[PDB]
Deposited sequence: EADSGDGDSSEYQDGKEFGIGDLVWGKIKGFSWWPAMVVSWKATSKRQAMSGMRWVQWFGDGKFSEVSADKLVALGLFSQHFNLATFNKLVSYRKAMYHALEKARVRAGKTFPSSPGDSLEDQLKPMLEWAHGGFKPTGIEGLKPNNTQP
């Protein structure tokens, strides 16, 4: 099947991805069929970046689980780039729905509790709640 190479991460997985020149950026692992390109080379994954919805072929070694959040969240980039704040919103919103989390009720204002939730370890489910299905 697809992505059967021993490396980590499968379709639907929420991940951080590192592209040369950019901060770790939130993404979702997708099948190559969604991309309109080609099958990924061995040991790579197609991902779709939150915020801009583009596709990149990325090594599985340049990906980590989104659940390792405080370790890869870049606070400077978050303060500097509106695009990164938009990216976090769509990424954490997808996380929230998967985990079955709800928050009370703007952009910054809506992000704040999702951000605290993520930074605090995705409680109560922990990272387990971020799995696909």
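Asker: When the deposited sequence is counted from residue 1, which ranges lack any model?
Answerer: Several regions go unmodelled: 1-9, 115-118, 147-150.
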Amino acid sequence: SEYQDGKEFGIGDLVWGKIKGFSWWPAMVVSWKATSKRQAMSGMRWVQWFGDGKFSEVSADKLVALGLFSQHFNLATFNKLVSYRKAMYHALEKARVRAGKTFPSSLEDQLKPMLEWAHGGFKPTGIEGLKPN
From here on, numbers count along this sequence of modelled residues.
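Asker: Relative to the other PDB entries of this protein in the set, is residue 48 coordinate-less in at least a third?
Answerer: Residue status for residue 48: no gap in any other entry.
Asker: Decide, for the other PDB entries of this protein that were compared, whether residue 31 is missing from at least a third of their models.
Answerer: Negative; every one of those entries includes residue 31.
Asker: Per the PDB record, is the mean Cα temperature factor higher over 96-104 or over 48-56?
Answerer: The recorded data point to 96-104.
Asker: Would you mind checking which of 21, 12, 17, 121 has the top Cα temperature factor in the PDB entry?
Answerer: Highest C-alpha B-factor among the listed options: 21.
Asker: Can you work out whether the C-alpha temperature factor of residue 126 puts it in the lowest, middle or highest third of the chain?
Answerer: CA B-factor rank for residue 126: lowest third.
Asker: In terms of the chain's CA B-factor thirds, is residue 37 lowest, middle or highest?
Answerer: Highest third.
Asker: Quick check for you: using the entry's CA B-factors within this chain, is residue 86 in the lowest, middle or highest third?
Answerer: Middle third - that is where residue 86 ends up once the chain's C-alpha B-factors are sorted.
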